[PDB]
């Protein structure tokens, strides 16, 4: 079902490639082209082996050498590509929190689209890497029901997918109806519990029954009933429940649709999803936005940056 755009290289030789990267950096200037062409053709696993051979061959640190040679978004793109998979989300999260400011957009985006299984691993990796509890970090940096919704999600305790119980579907749709539209105010607590913990297959039926019952799609009520980060969060959750690929295909489009580009988001979704479901994200981007992801990056980016992005992404037509 899920398909990424980057796979393991067939005639892979970690040593052969490490020497190519060395020649490509040794001397005056850089062959950014040989780097980008090499690195976006190996899986993340292979990039780690290559980084290993390099150290053992030259006693130098690949990532630190690149940081020296490259600059701008390209550097940032290659540095994210070098990050081990099991660590990247953890890394992005820690970087969204830390500092005097928080990038709720990152928190929301990652915590809402990742599965319980992925949340668990992300929680481990975070603690072993920065020696901090992820939850404790989030709690400390957020508040309100937004914080609560994130913590509910960080539990990665979403109910399992079993045979759907109609009566139970009816009950949940009517409860959301009473918690929001039929209420003077909102019972955010009921939305959080039902959206945060019910099984995916169950909530998809609840979303449909709720439309039938209210004349509204859950998204419109959320927008009607809530505001700020909590709104964004819940929209995020509802969207991922319906389809992670589509939700990610959407946060990408809005990163570029605007005049400039949000390179940070553009880099994070393509890199993080390159070997999971970036192929699915592409289809859903064409269907829903009429253009292929390719063509879109092709016009919003440039330089080697643009060159690497397009190779990782691939597919002119989608």
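Residue numbers count along the first chain shown, from 1.
Asker: Of the two stretches 195 to 203 and 158 to 166, which shows the higher Cα B-factor on average in the entry?
Answerer: The stretch with the larger mean CA B-factor is 158 to 166.
Asker: Going by the average Cα B-factor in the PDB entry, point out whether 268 to 276 or 26 to 34 comes out higher.
Answerer: The entry gives the higher C-alpha B-factor average to 26 to 34.
Asker: Considering only 57, 62, 45, 259, which residue's Cα atom bears the greatest B-factor as recorded?
Answerer: If I rank 57, 62, 45, 259 by C-alpha B-factor, first place goes to 259.
Asker: Which is it among 189, 135, 129, 92: the one with the largest CA B-factor in the entry?
Answerer: That would be 129.
Asker: Lowest, middle or highest third of the chain for the C-alpha temperature factor of residue 141?
Answerer: It belongs to the highest third of the chain when residues are ordered by C-alpha B-factor.
Asker: Which third, lowest, middle or highest, does the C-alpha temperature factor of residue 104 belong to within its own chain?
Answerer: Ranked within chain, residue 104 CA B lands in the middle tercile.
Asker: Should residue 227 be placed in the lowest, middle or highest third of its chain by the C-alpha B factor in the entry?
Answerer: Highest third.
Asker: Which third of the chain holds residue 123 when residues are ordered by C-alpha B factor: lowest, middle or highest?
Answerer: Residue 123: CA B-factor falls in the middle third of its chain.
Asker: Sorting the chain's modelled residues by C-alpha B-factor, tell me whether residue 81 ends up in the lowest, middle or highest third.
Answerer: Residue 81: CA B-factor falls in the middle third of its chain.
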